[PDB]
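Input: a single structure, listed below in structure tokens.
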Amino acid sequence: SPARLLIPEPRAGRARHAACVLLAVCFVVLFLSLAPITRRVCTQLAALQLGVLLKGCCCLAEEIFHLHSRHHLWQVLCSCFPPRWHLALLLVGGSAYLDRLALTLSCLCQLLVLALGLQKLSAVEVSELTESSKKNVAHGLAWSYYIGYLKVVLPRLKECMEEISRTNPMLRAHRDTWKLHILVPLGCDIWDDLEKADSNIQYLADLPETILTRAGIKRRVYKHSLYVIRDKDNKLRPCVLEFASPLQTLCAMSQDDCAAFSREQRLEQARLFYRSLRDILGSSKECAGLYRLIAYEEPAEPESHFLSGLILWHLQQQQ
Amino acid sequence: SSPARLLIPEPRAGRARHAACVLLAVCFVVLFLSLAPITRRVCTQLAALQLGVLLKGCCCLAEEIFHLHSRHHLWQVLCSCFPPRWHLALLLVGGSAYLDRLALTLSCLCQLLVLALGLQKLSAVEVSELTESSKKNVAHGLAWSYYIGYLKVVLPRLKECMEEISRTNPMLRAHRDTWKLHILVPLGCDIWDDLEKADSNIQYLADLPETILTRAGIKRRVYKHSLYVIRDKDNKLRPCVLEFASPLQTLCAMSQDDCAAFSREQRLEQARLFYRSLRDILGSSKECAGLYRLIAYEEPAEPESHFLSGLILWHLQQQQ
Amino acid sequence: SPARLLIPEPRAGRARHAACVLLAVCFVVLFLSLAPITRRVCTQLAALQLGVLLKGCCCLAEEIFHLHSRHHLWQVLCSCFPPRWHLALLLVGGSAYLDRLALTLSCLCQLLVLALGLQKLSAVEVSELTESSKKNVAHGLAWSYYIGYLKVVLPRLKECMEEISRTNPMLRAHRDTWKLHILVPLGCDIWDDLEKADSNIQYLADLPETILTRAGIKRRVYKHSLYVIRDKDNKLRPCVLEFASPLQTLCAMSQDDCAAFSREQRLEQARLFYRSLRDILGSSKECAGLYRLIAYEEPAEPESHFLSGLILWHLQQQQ
Amino acid sequence: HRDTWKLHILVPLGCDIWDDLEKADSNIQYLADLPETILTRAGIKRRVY
């Protein structure tokens, strides 16, 4: 190849072998040239193995607030500690039974280490963490959706709608709700059309063509559909509705055989995508007030007019 | 109310663990009423009871040494033969050894005696729960449904259909000893809807139109089979009848289904079990004595564009 | 063969011969280099034969609630314990006659083991148990029926019924009962037609063909029969009725000589098929409300209008 | 045989019409039926050929 490519390769995880061989060298060194010595070694091992308990207690104290929002209670207890936590309890119990200045000194130094935070992560660990997780798709979907679609279609919406508002008095009446409404259900189902999703949503017409030029032969054409949705006996409300493509991407990726994308992590990915999209849209000066994204979960009781009620609440929020 | 009366067996609530816990609490309370060395005896009894699973794992690995190459290819055999929660049994055995070997000999003798006589067997409740708990065991059901629905109604009426086919064109009268439908069952799940695109040597010879009609769930019989020609080396051509397995499509759709939660390793295992069940069912039949031939293949790692046709040619050559 | 196939073979069950040769080896080892010792061995053997009694007692406590549904009383007692349970009683009686702290310690250990449940099954045993059951066709039949038929014919029902409805006011009046009524008798008899099964069921017409194209020459064409059932002296009710094919499959394989399919467990297989179909249909989003499967058991008294009344009740439930 | 894909109308100058051509002449063999020619009318009336 004319261009000698230099690409990194995944790490073999061979540090375990080096640790094992140096451990064996340590054994062969120590044995040459003793039950109480082994007991002292076990006590010393149990001495620094109680810091995980303090770290878990601190994490539980910090996470009891998010317990309701994330885990709604045994999940909180088992999450704040590694699954191999009872081993430290067994070791500390054995050390206490075998034998308290050393214990309190060890607790104090471990807590001081935790507070000062001098046991941080180097570059290799963070690099391995970034490389290993092949399912952090939410940030990529959020940024891709933003740059590809919203940065190029959102600004040319008020001008595209004012021309219709010139001849249609109904659009002129509802001037405060000329934004684009993004439907992001926390699941992944996407209805083919919003007319059969809810009987209270009526299709009206398609907005005029959006013309973009690319080299003069390639034309990027954008279409938006304008809907009319019926209230109680008050009035009719028009709005522009569409779903989020990254949700469809996640749904199609879950069905893939080589993706190994389950349903429990798909919900987390959708939630993270919604949060990231909100955080990156809220700091944008181009589409400062040209959008409103609505998020919901399908109710357990199959109400026939749940989505319509949510859209009406959102629309009535602008006025 | 309701004209009928149904008492459906809803699944168990798993409340036997609560009974075990309350009886354990009662026993602890009783022991509290009315000492230290008894803990050592309790630990020794626990180790004696725990070495039974170690003996069972040893017997299981001794039995599965033969099937190692067929299924696991050596650490996988050891992992399968023993339960994952086996370290504590070794810890208890080591503690008992350190505390003290006639007692160990008699305890192990009793445990292996129990294992040999086989007097510890699952009751009706345990086997019923195990049968009703496995929600993904579709291999046997799919094999039986395929056999009954399709394989028992069209194969006996196979000589005559190809008889009218030969009446249309008599070129196949020479191949009198290959009048059996060929079933293509890949151990994966890929299915080629258009069989001519799968390989370059597979070409149609006769595909007459036919409408498959089902009236209120009752399927009509199939009166026509699609004839093919397989291009051999530059000497001659060979005609064939090919058909895939619908249960493989069922497995593929189950895997693609969102609510099924059906992985890939389970899919391969179910496909192999379905193939074995179908072969065993067909091999012990009477109507389908010699009017079928099922071809099972695994897709090769190296890409080959003329593999499937060559495999069918090999099957034809061994059929003569 | 171009592709050397590697297919598993059934296990020969030779672990028992390993147990027997270990019996012989242990015997010849112990003999080289003793009535009280044999009595102690018998007592130790009786010590761990008592756990099955506690397992049966806990099972009885947990299953006394399901006794009415599954066993309606001696069957409850016999099912919760292994048939070879009198041997444990004989051993414990012999131990008591030969001889209290040891018995209590053994009982406490057995209860602790049962509560913790550390004596579980490895991969080989579960694989053998999944391979040995050649008759558990309920789940396979349910999944095959679902994927093959219901996921393809159910969605194209409302639109197929609209065209007939627009010209028949009778169909327009009864719009809430346009589902597919699956009949799943817990037995296995399937009537050739519903006309002679019950005198109150009247055939009306066949639904227009559901045409599916495949490769342009293969046409998967579907018929559904529309019936009319005579209620009491009020009116007539139309519905679409059909039986469940897997019940016909079970009936067909019950008669096979090589199947060895008896009748006592055929009822259980049909019941499990009904439960599995219900569970996998209630969690689907495509056929949300396009079905209603009805199950019944034939009464002792051969009433001539038993099934008709059941369908009338199931039809009035929507209204 | 692509050049003879027409429809062959038999118009005997007499008036006898055979029920089928199989027994009319021993050299004519029936093969199969052409796939259905579906014509839709009002959505319920189907003119199928």
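Our numbering is plain: 1 for the first residue shown, then up by one each step along the chain.
Keep in mind that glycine also has a Cβ here, set from the backbone N, Cα and C atoms.
For the 2',3'-cGAMP site, Swiss-Prot lists C:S144, C:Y145, C:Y146, C:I147, C:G148, C:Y149, C:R220, C:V221, C:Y222, C:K223; matching the candidates C:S127, C:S165, C:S199, C:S245 against that entry yields C:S245.
Between the CA atoms of C:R220 (3',3'-c-di-GMP binding site) and C:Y146 (2',3'-cGAMP binding site) there is a gap of 17 Å. In this structure, the binding-site residues under consideration are C:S144, C:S245, and the one with the smallest number of other Cβ atoms within 10 Å of its Cβ is C:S245. In this structure, of the binding-site residues C:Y146, C:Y149, C:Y222, the smallest number of CB atoms within 10 A of the CB marks C:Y149. Of all the binding-site residues listed here (C:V221, C:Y222, C:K223, C:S245), C:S245 has the Cα closest to the Cα of C:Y146 (2',3'-cGAMP binding site). Taking only the Cα positions, the spacing between C:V221 (3',3'-c-di-GMP binding site) and C:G148 (2',3'-cGAMP binding site) is 14 angstrom.
DSSP assigns C:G148 (2',3'-cGAMP binding site) to a helix in the three-state reduction. Taking the Cα atom of each, C:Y222 (3',3'-c-di-GMP binding site) and C:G148 (2',3'-cGAMP binding site) are about 13 angstrom apart. The binding residues for 3',3'-c-di-GMP are recorded as C:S144, C:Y149, C:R220, C:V221, C:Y222, C:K223, C:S245; their greatest pairwise CA distance is 20 Å. DSSP assigns C:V221 (3',3'-c-di-GMP binding site) to a strand.
Each residue contributes its Cα atom, and for C:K223 (3',3'-c-di-GMP binding site) and C:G148 (2',3'-cGAMP binding site) those atoms are 15 Å apart.
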